[PDB]
């Protein structure tokens, strides 16, 4: 009761409405039966919560809807790539999410959020690898896809968080190598090669202090290289 719908409730609903429009447009483009059915469920669940003034559920739905948007974005990208292993992973994300939601397994939902961001990045990595024609980066992309499959089935929050950082670093380094190609900078190429060496080191000995530190180095290097074109 109180003063009716609160500013926080209205903001959560505006977030959900914006996400839902994005999801709808993606689902219409994809024509995927399972995402079509989840659209109806999400639409129903919100209307129920918005009717019931249940702030907790609205919060959960906004978060869940943002994850379904990402999943739809994944399906779009992975269908473009055509990679069957990534397609299988995208399908697994959706199946596990539906299962986690049904069971109220919030821990798995959080893990799936990381796994979904990782899947999208890995798909982007493969896109960049293709552009660059770079077999060395391809090897890392393939290893990440292997680790993603293992994490989806057997990973815990910590192993998933570690892998997300490796994926993020690999995507940034692929972006640095792309800048090398566009700018023709021999000095940046040596930098990128040094970073690739350190990245391989991170793949081999996944110490958290090393990974966190190298992710900062790579991210700062990318920003600096992108700023100092």
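Numbering follows the first chain given and starts at 1.
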#### Entry: Stretch with the higher entry mean CA B-factor, where the candidates are 12-20 and 217-225
217-225
### Message
Going by the mean C-alpha B-factor recorded in the entry, which is higher: 182-190 or 156-164?
### Response
182-190
### Among 66, 197, 170, 57 - the residue whose C-alpha B-factor is largest in the record
57
### Message
Is residue 111 in the lowest, middle or highest third of its chain when residues are ranked by C-alpha B-factor?
### Response
middle
#### Entry: Where the record places residue 100 (Cα B-factor, split into thirds across the chain)
middle
### Query
Within this chain, which third does the Cα B-factor at residue 136 fall in: lowest, middle or highest?
highest
### Message
Sorting by Cα B-factor within the chain, modelled residues only, which third would residue 27 end up in: lowest, middle or highest?
### Response
middle
#### Entry: Where the record places residue 35 (Cα B-factor, split into thirds across the chain)
middle
